[PDB]
Every structure is written in structure tokens, then in C-alpha cells.
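First the structure, in the form of C-alpha cells, and then the observations on it.
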Amino acid sequence: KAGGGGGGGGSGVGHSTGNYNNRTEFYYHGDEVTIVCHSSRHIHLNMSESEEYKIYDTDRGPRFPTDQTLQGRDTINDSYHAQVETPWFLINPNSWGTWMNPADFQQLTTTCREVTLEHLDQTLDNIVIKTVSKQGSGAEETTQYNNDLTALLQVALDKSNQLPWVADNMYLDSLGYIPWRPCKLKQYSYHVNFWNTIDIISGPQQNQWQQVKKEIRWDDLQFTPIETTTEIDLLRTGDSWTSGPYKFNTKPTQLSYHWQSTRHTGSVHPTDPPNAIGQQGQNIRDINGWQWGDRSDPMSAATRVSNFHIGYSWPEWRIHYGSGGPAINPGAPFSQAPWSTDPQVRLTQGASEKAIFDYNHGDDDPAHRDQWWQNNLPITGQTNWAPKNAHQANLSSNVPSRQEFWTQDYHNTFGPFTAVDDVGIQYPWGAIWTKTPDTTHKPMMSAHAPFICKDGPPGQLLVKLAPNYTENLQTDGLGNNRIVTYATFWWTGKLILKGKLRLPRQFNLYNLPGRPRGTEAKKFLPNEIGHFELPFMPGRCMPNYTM
Amino acid sequence: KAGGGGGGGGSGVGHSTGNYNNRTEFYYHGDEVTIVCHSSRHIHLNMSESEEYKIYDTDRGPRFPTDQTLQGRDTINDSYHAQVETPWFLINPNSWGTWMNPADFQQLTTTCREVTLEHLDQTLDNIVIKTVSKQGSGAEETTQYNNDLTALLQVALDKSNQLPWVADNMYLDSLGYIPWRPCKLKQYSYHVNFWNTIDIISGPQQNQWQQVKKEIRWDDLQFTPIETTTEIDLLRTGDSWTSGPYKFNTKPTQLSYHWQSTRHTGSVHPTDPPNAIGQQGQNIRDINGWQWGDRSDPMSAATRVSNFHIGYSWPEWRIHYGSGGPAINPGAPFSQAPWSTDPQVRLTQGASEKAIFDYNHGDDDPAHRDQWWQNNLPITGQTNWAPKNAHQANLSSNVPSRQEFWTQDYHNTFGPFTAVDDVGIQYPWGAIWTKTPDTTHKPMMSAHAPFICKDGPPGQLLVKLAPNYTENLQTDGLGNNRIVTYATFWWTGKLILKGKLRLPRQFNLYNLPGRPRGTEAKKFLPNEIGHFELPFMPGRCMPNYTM
Amino acid sequence: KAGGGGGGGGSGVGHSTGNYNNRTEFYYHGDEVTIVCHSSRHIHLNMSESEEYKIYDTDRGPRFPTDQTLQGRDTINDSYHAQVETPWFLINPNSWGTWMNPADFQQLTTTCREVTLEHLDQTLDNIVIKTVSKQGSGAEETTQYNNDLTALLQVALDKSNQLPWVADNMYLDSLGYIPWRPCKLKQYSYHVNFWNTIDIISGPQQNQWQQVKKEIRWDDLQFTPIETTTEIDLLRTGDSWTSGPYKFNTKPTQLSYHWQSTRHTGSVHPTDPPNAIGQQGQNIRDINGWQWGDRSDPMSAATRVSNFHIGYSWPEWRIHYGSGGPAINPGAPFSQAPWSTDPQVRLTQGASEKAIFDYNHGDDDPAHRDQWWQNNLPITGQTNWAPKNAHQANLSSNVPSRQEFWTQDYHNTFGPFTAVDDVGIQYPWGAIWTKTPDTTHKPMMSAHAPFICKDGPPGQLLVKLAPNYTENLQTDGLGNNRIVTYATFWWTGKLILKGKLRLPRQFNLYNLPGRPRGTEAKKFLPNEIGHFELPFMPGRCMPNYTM
């Protein structure tokens, strides 16, 4: 939209075109809260490695099998793909923690039972473009950094969402979480049409993996540049840019976790109360009610009829093996905590996720990457491990035979009576919103991002540094035609949220097994070098009743 | 809301605070009907066994295995749970037959093709509280029943639905179906957080069952009393109470059953008509149309393409084994009548249900409980027995090989093209409405209750009898501190329905295999002692076309 | 004021004169919150043991010395006093936890940085008076409990505060903390003028204790009854009573604890930063600034001048030994945590306090009393142990001699430059408000109760049960003249608070060493008998900056 920026007017060289606001404000009126998140980053930008659009495919990636030693079980290591590489760089606000710090997100999840996205707004200002000049040889080598005052920054935004939306925050290409650190960008690219099909049932014994088709699909290939698609704003030093307001159309995410399964949910089995300490209740044998099958005499609560069912079984860790190669079809998130005996054995089957991140995304070390693995421990109550289930021919007063009873079947149990939950907010490293795929059936829930954009997602902000060519422009030349140039500028954004107030639903005091536990707090705080970690908090934090 | 009651004003001792209306009215205007159901019960109430809230767990219940004799197949007998027991008693209107009698529900299903819930309203009036006084020893023992005129009845309603909704009518804790009989209440309780996880694939051969975690989860436990949650109305004899109007937001239930499968549904296979008696039509061999696979020559109606598919396969009688223990994941209701050969063999696999009930719920005997088992016989046309299905590699003009054809696979076949039905109304013993679980994905249908409340369910009416303490109040005392007290009062309620008129869609006369068959009618009518049975009628009664 | 009550009108026998509201509401608008606490109790009342006002003195109490074995150090065990005993009973709302439950007080201290008292209001309704009648002898003994409908309850309130205010909640005579349990009252009494003076420096070696004067002072004695002082309302069953609104004039209590001493407070000593991990900063030797004495060269931060001083020294555990006997002169509250090495050694010297309480005040056991001992661990930063301090003759560049340096002096260090804090809210067992003593110098702070009433305290609600005399009234008779009678009625009160919103002042996440720690949570929740504990929370909970 071009625009203004920050608080400054900024006309020409020597005037600032905007200010710095990283503050977050909470506004409580009645049942509702308004969270206004301001986020401001200082962005470093280099030249595009190439001024050309490039279409190429890749290798398989590390650990992919070169033989049948593991019989194709490690073909899940396939990173093969094909892409266009666009000279443009992407500014991605979409993560939690680009916006709120650990104390703000704690404020959010304690005071709000749910939250929704309202508005987004963005500016770019205080553009500084410099060229580097090297004068010397070995020792006399001296780099001079000169302001190029007439050099241009190129800015493109998609309000129309005509470019392939890829800014999902997977791979964590997003603005850093630490307000006082600089952000380098990464260069925009998207997938083209390719076939990658791996046959893992190949061979005589059907134990061998084989490549079927791996190629780029050139006759169907869609190449859309930035230049022929969106308006590109050209900006000098005294110039600033605003996106204009964006309005989210989304659905609220609930900030509590549900502990109830169908055995926790409805009317309780008639019970004789204990009259003494250490005594237990006794289930009444003769009762009336609804059982499932022809079953009558064992009035046990397991076979009580229910209206709905909480959770569903899945072929957990499903590998798809489609066109484009194997992917994972997630399954429902839940907690393996009810089944966990050995702390050394790590049960991943609750559709758990793993965050790999770095210094600017909340790792306390450079040169290395910290990990997390959120296994969703509070989300018990959907927990369904497919091998733990069973089915039997009939439900009656009679126990089935060995041949009428089946176990370890790995069936999809999602159906019309099932009630499930999504993951919710993973605070530091999780994405905020997502684009909806344009298909006849649009997905019901999201496996990661808590907010699904009903119309468009917020437009992708693409910046490029216009090339500074030398006196001699040769068609054969690439980066020898162009002067070495880099920019620094300032991104500011404002994201507004609307929460619903959380008030106590219980008599007893709310407990917490999360981060506020101390003695671990030497990290999460800067050290003598200024290095620190950002803690994980779930969006689903306090317990709540399902029904 | 406190309130009035019945038709009487009732100021003080000696004035009646309400009247008795158990009449049901039908109002026919045009295409629509209005059913106004009045229901009035005389309610007996005793002291709370304890004035304390209690949290405890239970035993497993009867028939649960103590060993591996049945290898864990009888772990489906688990009733283990954990609950709070609240001193309050629950008044539950939610059942059919608390409202309509057998002649009213016959009037409903014959004249209406569908019905929806409109309003609910409730009153409590004519409060009588008495204390018992025993004077004598063995023979001289004499019980005197004295009016305590200043004693209080406590009434709490949830309009906000802040208490755990458990009044689903499972276990048939509901107001009785016979207008002239008294109703004892049962004491309100709900589930707390507990883990019950049974590993049935345990052991070396994976044939043994093992307890993994069985406990109460105290750190997540939510304890919500009635006193800190809702307003409690205190009522003496000359006092009455009204709930205020409740408005249902629901979806109509269809009062007909569907006999069409996908073989009954669309265009008919081109056929040569018979010209004589005892002759049959002949399917035309050379026809044009859409088949499924590469199939061409066998133009058979089985492989005709369709737009949708009626019914879905399920791992029938799925045992979940989640946190909280095993439960059943229902599957779609349908009729095993097309597959039933032996009347002695009872095929339960259509998601059939079993009602166990007693004297006030429509059993003609006290001291024993009658049973029903509704196997949904008219609901043929969804009938899908998973072992009866198959799948094959290709569909072509060629019959597949033995290795290309699979049977007895127990797969969930629910998908985007499927059309299914819920059970509908089971008249005497079935619930009317249900609460929706609060989850990211809310269930599409209900496995039992025909009406799903979109906003809240009707609030739970909880009554308690305020304790009458003796002169000496000791903290160590429980029921020795309190005078033996009981109450009788009168519940009145009005439930309004809106039906759509059913008019004849066919030339031939509608037949009926249901209850109007006589010679069984000596029951269903009182006998010389006044004992009688209430008949079962389905909400889905007359046949109708699906498409 | 006489009045109405609850929600009911209640005219005559058979109408309820009020309802039950124990709910607490939070109202968030902008920077401010409004907490409306409703509290409703069911109160048991017996006859006054005597219808007479009695003036008497007592014994010394247990553990008081009968000899010089401990040389008078155990004369701190003196409970001797003199009182009038008034036939009236006291209803005391003044405690936290009569009002809020553990989840409400957690809501308060997390969302509010400070809170103040606004209004108080009280009602009494649903009066039930009964007489007991015993008929039989040994086995035939039978107690009949009859409603006496014309019997009276007597109610007196002081809006004028003309009676000796003694309802300070010390001794924990206050309405119970559990909404669903009954409350017995205790009979009102206050001190008269007496001399108790114990000389502990008596004897030749000044090691012996001696009684100087122990007596009642009859010539100065002030006897004020309830009857000649306040209006007494007489109430039957169909009657109710309201106090009218009371408005608090008080000062807000701050809900955070301060960790800063004078070494934590102002400008920081000039320091050379560490450039590596594991390295420490280095204090700069040559700096400029203000030191205290003639001191110049050691520019150390200990001798930096400050404007104020946080905390003061005290002759900790001062025993007063005045008229009326020994008492303790408290000293400032603070935390011994910085000095605590042995967990087995309990350092009491921070003006710590000890709560002894029972079943209705948050003990999980009857027949025994639980304890707490709040030692104020977060309140480090005032911590001043008098023997740990010192003083020296001069402050210079020279270290003083052995004779110029003093230790262990036990001096009061309170003065014009000192800044201190009070304790704040001890949630379950602490008092809310207090009366100010009427003296030329009124106290600055309070050693226990967080709120000091500037004008009057809320009036004392005194109830008595009017005596039911038998046919024969003899002047010699006491309790043989009167029929055995008891009452039960319902107290309702509404207390309103105005908090100031707490918003995050820090980047890092707030940690907590308090109660939300689980694994201790099996208590604090009811058990199979319904017994549970109430947790302690401080009013000063989160950290905050002093300056």
C-alpha cells in the first residue's frame, strides 16, 4: 500500500520514517479481553544470490537408503522435491513469540479461556542501503561501508493471495523471538509439479523398495513470478511502507485441555458410598439402564451406551507415499501419559511433534540447535493407542470366544459420533494461522496451526534489494555485473486478539506442572554473555470439563 | 428463579401452592402440529446420607477378571471409576414417557413425519417436610410423623451449565413413567479425573491382560460444589419454585425409517417386463451407462456408479480402552433382519441397544427388572456387517483372482460420500436431549439421544433437604447431629413440541409389525394388583423414501 | 436495622425469609477489578449458659511456672486475665476464607497488584427455634424436638461501636471456611481492668520471678451491657434482619512481596562486564561518588550513601511485661531464608506467626488441630537479624580497632529514614480488618490485619436466644427456670473489594514456590469421608520492585 511507518514522518535523507514499539497491552472489559501485540524487528537483507528465477530439483537428502539393507523402512528420510527459487525474500510474522514474550503468553493463558485473531498490520521503515568497497590486497585489505542514498528496496505484498502460500512456519522461517536481536531473511521459494513415487512393496518377496517415477513435471508446471503478479513498491531511504489493515476471519482456540474420555463423561455408575477412611465405593450389581448389545446382567460402565465418543483410533504414524513422495498422515493429538511406564521409553504415538530451533528462535546457544518434543501430556482423555483397542463379534451377557475377539487392528475409528480436539497453541515455535487448501472438501481441523483462515491468509510480504549494476553490464555476467549491496530496515507489526475471560470453575486451587516450576530458571534468563532459552507453554494449559 | 407453581397461590401454611396437570394436548394447524406435554409427579425426598462432599474411587464391579482364564476378554466388565458424591439430589425430566403415555406417542408417530423440541418449563410446589419420632423400645416402638413447618428445602438450577452435566438418562435415573406413582430421587454425583488403563496385549504371547495405571488424578482434579456455583433457593411449605422458560435450539428428528440401500435408490437396471403370472423380469444384457472400474461388459447393477453410499462399515463392537478404561465406540445403527436365519441366534451387530428397567419405568413387576433389547429391525437399508463385505484390486470385465480378493476386513467405511441415520426415539426408556461435548470438532450425530442441544442443555434441577440439627452439634458427629427428616413435594413440567404433518405418500395401506398387535395386551394394562408394562415404540415407525 | 433477607419475602410460618448465595463474582473494567464476595452460613445457636453478666478472673493457664526452676523465663506462659462474660453470642465475619475459597483467592492475587475493602452487608433469616423434650428414663429415654413458633431470637448490632471491640479473629472465633458446614457460635466477652505485673528481675541475684500485683481493678471497672447500649431486635420465625450497608474507609494492601534491601535498590556499583562464560564482573576500583564517613579509597557499595533504608532492627521477641501481664512487641516481618542453613533449625525471628486451627477453619481432621507457621519466606529484603548487625565508631579509609567495633546489640533501628512493609494477607486464617486504638498517636501499620479501619470497624453482630421460662419462675433458679432451647438460622453477607489490575512488568515468566505445586494435592481435596485441608496463600505473592 506503500504508506507511512512508526511514529515519524521521515521526509528525505536525515529524517526517521518510524519508531519502535514492541509493547503488548491487555484491555479488560467485562467478559472480554483485547490483547494488542506490538512487535518490532531490525531486519538485515543481502543481495539476491541470483537475479533469476530458477527451477530445479534436488537430491534425496541425508539418510535416504542407497540399498535394501533396511528394506525401504528408511525411505521415510526422503526430502526430494522440485521448486522455483525466487530472488525475493520473505518476511514471515507467523509464529507465537514473534509477538508475545513468555510473561505475556502466561498472562494470556491464565486470564483467558479462549482467544481469537482480530487484526494484523505491518510497516517497513528506516531503510538503510549500503555498498561494500574493498581496497587493499592481503593485509592492506580494507572494507569501506558507504551509504548508497539513491538505491532502492523492492516491496511486494499479496492481498489477493495469488502466489503459492508457503509461509506456514514449518522449518521455522519466521521473525525471531528476541526483540533486541537482528533478523536475517531467507529467500522465497515454492514447489513445482513433480512426481516422486517409491514402491516399498516391490520385489519378489515384496520387501524391497523401488523408485517408480522421480522427475519434474514440465508440461503441467506453473511458473508465476512476483513481477507479473503483484504491484511492487520501490523505496528509498526516506520512504516507508504500510500494508494496510488485515482482518482475520477465524474461529476461537480454546485455552484449556480436556481430561475426560467417555468413561469420565456422563452419568456415573450407581455406587454404594464408603463410610470409613481407606474404604472404597461399591458398584451396585442390580441397576437399570441402557447397555450396548444384547447385554443385560453385567451392567458394567464399560458397556453403558453413550451419545458420543471422545477420540478416535488411527493407523498411527501413517506414511502416505503419494505423488511427491512419502508424507505422514497425522492422526489425533493426545497424551501417552496414561500408558507410560518407563521414562526411558518414549511413546510418540499421540501425534506428538518436535521443534528444532536456533539462537534467535529461543535456543541459548549459537552454533547448535536445541530441541523440545511436545508430547501433549495434559491431553489425556482422547488417548487412543490403536493396538490397545479391540473388537468382538457380539456384546451380550456372554464373554466372546478366542476366535470372536480381535486385537491390534490399527483401524481408523473417526466417524459421525466422535468428538476430538486439535493441538492448540504451542507457544514459542508454533505457527499462528494457516491457509485453507482449495478443495471440494475443506479440512475440519488443523494438525498444527491453531487458526484456519476462512478467506485468505495475511498476505505474504516479499522484499528484494534492487540490483546495483556496475558500469559494464554483460549478459553473460551474473554477480560480477552487480555491486555488493546490503540493507538494514525496521519491521513493525500490530496483531490484535480478542479473548474470553477465564474465571474459577472449581473450589480447589488450580495446580500447574508447567514452566513456573523454578530451579530450572537459570536458563530462560540471560547469562553473562546474554544467552537464554525461551520456555515452552501450551495453549491448552488449565483443565476444563468437556461435557 | 424461585417462582409460583401450578394453579394455586399458596400463601403460608394451609394454602396449596400449585395444581396437578398431566394432560397432553395436540394442536393441528395446516402442515404443523403443536404437542404440549404436561407432566406432574409426586416426589419423595430423604435426607442426604452425608452433608459432606466425598471423593472416592470404586471396585471393578461384578464379573471383572481376577486372572487370565479368559485372557482379558472379560475386562469389558470394568465399572471402575472415581467420582465426587454431592449431598444434592437430581430431578431428571429427560426421558420419553416422563412426558407422553403410550397412546400419546402413538398419536405422535402416526400423525407427524418429524418433530422438534420447543420449550421446557418446570415448577416445584406443595412442599411437605416431616420428621420421624420413635417412642418405645421393642414392641412399644411407635413412629410418629410430625410436620416441621419451618424446615427448608434447598433448590438449585443451572441455567449457566457450570456443573458437570451427567443427566443423560443412561442408568435410567429419571422421573417415572406412571403419573399416579411416587418418585424417589437419587443423589447427584459426577466423575473426577482418574486413569484406568488395561493392557490386554500384555504378556509374552500378548494374550494376557495387565493393569497399567489405576488411580485418582489429584493434581488435575476439579472439585466444584453446588454452593459456590449457583444460587440456592430456600423454600418452606408455603413456598413454590419455577425454573422460568427454557428454549431448545435443536434439529428435528425424522419419525420414519429408511429401507433403501444404494441398490434400492437410483435409476433401475433396464429390465424386460414379464407378460404372464409367475414370470419374472429379465435384465437387458446390452445397455449403456456408467460402471465403476474399467468394467464394461457385465453392466450389472452392482457396479453401477452412484453419487452417494448409504451406510458404512465399522469395527463392530469396538472396545476403546482409553484413559478411564474400556468403553464401546458404537458404529452405525441398522437392522440384522436381512441376515437373520436362526431366531435363536441373536445378531447384536447393528449397534443395537438394551434397556434394563424397573417398576416405575414400565416393568410390571417389582423386585425384578424387565429387559427389552431394541435391535432396530425396520432400519434395514443401512445394514452393513463388516465381515460380509469385501474388496478387490481392480474392477474390470475380468473376475479377480483369489489373491486379488479380500474378505472379513473390519474396516471403517465412513467417508465423504456416505449417508447415514441415527437411531431416533426409543419411546419409553430413551433420553430426549443431550449436551454437546465442548471440543474443537463437535460430533455430527448422536448414538442415542435424538436431540442434540446446540447451546446448553436444560439446566439440572438439584434439590436438597436442609439438615435439621439436634441441640448438641458435635464436629465429630454426622447423622447423629441431625434429626431424621424427609420431604414430599410436587414436580410439574411443560414440554412443547413442533411436528410436521404426515400425509399418505402411497396408494396402498400402511401396515404395522409393532405393538398394536393384540393378544399380547393383557400386559400393558393394569391387573388386579395394578401392575402393568409400558410398550416399546420406535420413533422411526412408518417407512419412507430416502431418495 | 431489622430488615429483609436473601431473596425470599417470608411472611409468617411457612414462608422462607431469604435465600443462599455463596458465589463470588469478578468484574474487570480497565485497570480496576470489583470482587463481590457472597458468603452464606447455616448457624447453630444454643441457650446462654447463664442469663447473667458475670465478672471474674482466671488462673494463669497451663505451663505457667509454680517455682524458679526456669527462673521466670516461662512466665511468658501467662494467660491470666479478667473479663465480663455476656450472655450474647458473636457472629464474626472477619477472616479471609469466610469469604473466598482457595480458587477465588488465587484469582485475586494473580490478577491484582493491590486490593481495598469497599462495602460490607449482612442479613439473618430463616429462623428456626426448637425446644427439646425428654420422655423416658434409662432406655425409654426419648428426645422430642418441637418447633416453638412464638419463641424469639435477639439481635444487636453496633453501628456506633460503643461496645468493647474484641472481634479481631485472634483465637480464630469466626465463621467457618466451608460453605456447606454448620457454624456454632461462641459467647461474647471482653476484658475488664486488672493488674497483672510479674517482676522477673526480682531476688538477690535478680534471677527470680515474683508476682507484684495480680487483681481485678474494681474502682476503675467499666461494665457496659448490651441492653442499655444498643437497640435489640426481637425476631420470630417469619422475621429477618439486615444490617444495612457498611462502607469501609481503609488503605489498599499491596499483593506483591519486595525482595530489595538497600543493597538491591539504587545505582549499581560501576562494574567491568564479563566477556566470557563462567566469568564474573569486576568492580572498578577508581570511581567517584558519595560514601558515608570520611571514607574515600574503599569506594565499596556497602558504604555508598543512600536516601532511605529498608527494614529496621528490633529487640526481636520483645516481652513487654506491662499492666495486664507480659505480651510481645512484634517487630517488623521479614524472611529468615537468607540466613537459614539447617532445615531442622527453625528461625522464628522474622516476626513469624503460627496459626492453630480446626475442622471448620481448614483442618482435615476433627478431634485434632492442624498448625501452619507462616515464616514469610518471600519477604527477604527487609531481613534484619539484630545480632547480625554491628556498629563502629568511625567510617573512614581505616578499619576500626577491636574496641571501636560492636556486635550483637539488639537496638531498635526504626527511624525517620526507614521504609518497611506489613505482613499483608494470610489467606485462610488471617483477619481482614481491625479497629484503630483511640490514642493521641494512632499506630502507623498493623502487625497482622491488613486493613485498618479509619473511622469505625464493621459493627459487632451479637445474637442471643431469648429465655423460655417454665411455669415456676424462682429467683434462686438459673437454668432450671428455663426450657432447653436452641436455634438454627442463616447468615448471609456481601463483601465488595476493589483491586488494581496486575500486568506483566517483566520479560521472563513468573515462577511460583507456593501451593500450585501438586503431589501434595490429595489433601486440599475431600476424601471418602469428606475431610480436607485449606491451603495457605500469602497476600504478598508475586515479586515486585520497591524502588
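By order of appearance in the C-alpha cells: chains A, B, ..., then residues from 1 within every chain, and ligands from 1 in the order shown.
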Which residues, written as an MDAnalysis selection string, have at least one atom at most 12 Å from residue A:514, with only C-alpha atoms counted and residues fewer than 3 positions away on the same chain left out?
(chainID A and resid 106 374 376:378 511 517:518 520 535:542) or (chainID C and resid 509:512 516:518)
If you run DSSP on this backbone, which residues of stretch 471-542 of chain A come out as strand (DSSP E or B), and could you give them as a list in words?
residues 482, 485, 486, 487, 488, 489, 490, 491, 492, 493, 494, 495, 496, 497, 498, 499, 500, 501, 538 and 542 of chain A
Using only C-alpha atoms, I'd like every residue of chain A that has an atom within 9 Å of chain C; please write them out as a ChimeraX atom specification.
/A:25-32,101-107,110-111,273-281,503-513,515-518,521,524-525,527-529,534-535
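Coordinates place atom CA of residue B:443 at a distance of 23.6 Å from atom CA of residue B:92.
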With only C-alpha atoms as the counted atoms, please give the residues lying no more than 8 Å from stretch 411-422 of chain A, apart from itself and same-chain residues fewer than 6 positions off, as a PyMOL selection string.
(chain A and resi 307-315+332-333+382+386+445-448+450) or (chain B and resi 314-315+411-412+414+437+439-447)
Between atom CA of residue B:197 and atom CA of residue B:210, measure the distance and give it in Å to one decimal.
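Going from atom CA of residue B:197 over to atom CA of residue B:210, I get 8.6 Å.
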Nearest residue to residue C:480 out of C:50, C:268, C:334, C:339, using only C-alpha atoms?
C:50
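Nearest to residue A:93 of all the residues A:256, A:135, A:109, A:122 is A:122, based on only C-alpha atoms.
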I want to know what sits within 10 Å of stretch 169-176 of chain B, based on only C-alpha atoms, with residues of the same chain fewer than 5 positions away left out; could you give that as a PyMOL selection string?
(chain A and resi 266-270+287-291+299+301+304-307) or (chain B and resi 39-43+90-99+181-187+355-362+429-434+448-449+491)
At a cut-off of 12 Å, using only C-alpha atoms, what residues contact residue B:472? Leave out same-chain residues fewer than 3 positions from it and give the result as a list in words.
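Neighbouring residues, sequence-local ones excluded: residues 468, 469, 475, 476, 477, 478, 479, 480, 481, 482 and 483 of chain B; 44, 45, 46, 47, 132, 143, 145, 184, 484, 485, 486, 487 and 488 of chain C.
Reported to one decimal place, the separation of atom CA of residue B:403 from atom CA of residue A:206 is 14.2 Å.
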Find the residues near stretch 113-117 of chain A: any atom within 6 Å, counting only C-alpha atoms, skip ones fewer than 5 places away on the same chain, and give them as a ChimeraX atom specification.
/A:248,252-255,497-502
